[PDB]
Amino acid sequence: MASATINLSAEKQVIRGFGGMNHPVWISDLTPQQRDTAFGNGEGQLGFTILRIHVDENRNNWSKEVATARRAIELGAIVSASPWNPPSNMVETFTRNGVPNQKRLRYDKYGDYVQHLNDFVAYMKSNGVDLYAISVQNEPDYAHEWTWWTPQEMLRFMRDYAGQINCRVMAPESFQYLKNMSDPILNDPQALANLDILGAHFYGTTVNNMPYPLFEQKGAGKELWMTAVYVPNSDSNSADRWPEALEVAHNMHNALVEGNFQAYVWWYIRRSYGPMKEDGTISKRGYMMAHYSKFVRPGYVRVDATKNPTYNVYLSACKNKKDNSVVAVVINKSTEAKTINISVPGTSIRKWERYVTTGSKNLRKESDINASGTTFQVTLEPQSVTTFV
């Protein structure tokens, strides 16, 4: 009989949401039906609340983003946009660690690059897409195939130019949440003032690298978003592999509880290793996401809770401040069942519904949990995720 405690009085980060990437230039756009599967929150829908899109370097491509972005917004999502390269007339080449022909933004074009970003913001606004945020650069520190920014180039842009962007500014979107890319911004008062959202990717980011003390120190009034990952691999036709898919839930748990992230955004929504399969159905990896996205809605607040109450069991909890209700997401990676007494002191809640995913069922509604006082005794099937609501 393991125990856990959920402390509804110890509020952590406010949840902004969950979602993934659309890229209708590199791959096919989501279809009408796939837009609904991704951003609706009905039966057989993922309940995503964040769409990420790219800012094409060629403005003649911008129209390709509109249908999916508009539909996501109609269904209640917010949209964030990231550039990979500036327009070619703003780029120059340089040699980086002996590798020639690498791209950077010309320093003398920083003002023009702001205008490019602002033009994108205005174009999208004119088409019913009020962007929540725009990034300086996708993966400035992993730009073999796009545009590099050193930590200092990123800093100088954030300090000197980002205040001119007509949107919330996201930076720096390091590929692995490398703190050398973001520390300069947090330490410079002008750059920090111009920041709105600290964005990070999770490729190869270990749990020990998910906390960020400097952001805890300096980041008041800034959001913290995990804007791209796939886990645990991008193997072809892997999205239903079990128990590998449990790594998706675990990574989300870790982002939330170890990283204090307010948003978790996958790479391509529709892909053979993604949350939606090429046939338009939800994969096992997608149901992992859905355990969070369908239930932990924007504006819920994470609360302190025993994160790992017994070996191979992981727990997160979020509160709806409208009525102090609780959503708990509990991962059991063990090959045996686990029984846990979850204490929720001070709650007036006395019953939880539960939905369970395993290798053989998806979001199956199982028997209700009736509390004895403020303690909810739950039994977790082997190799499962359960959301309690």
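Start at 1 and count along the sequence shown; that's the residue number.
Mean CA temperature factor is higher for 314 to 322 when stretches 284 to 292 and 314 to 322 are set side by side in the entry. Of the two segments examined, 122 to 130 and 192 to 200, it is 122 to 130 that shows the higher average Cα temperature factor in the deposited entry. Between the residues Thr68, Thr357, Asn332, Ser343, it is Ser343 that shows the highest Cα B-factor in the PDB record. Ranking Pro140, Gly163, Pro83, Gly274 by Cα temperature factor from the entry places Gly163 first. Placement of the Cα temperature factor of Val265 within the chain: lowest third of the modelled residues, per the deposited record. Sorting the modelled residues of the chain by their CA temperature factor places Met226 in the lowest third. When all modelled residues of the chain are sorted by CA temperature factor, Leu105 is found within the lowest third. In this PDB entry, the Cα temperature factor of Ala171 sits in the bottom third of its chain's modelled residues, the lowest group. In the deposited entry, the Cα temperature factor of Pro309 places it in the highest third of its chain's modelled residues.
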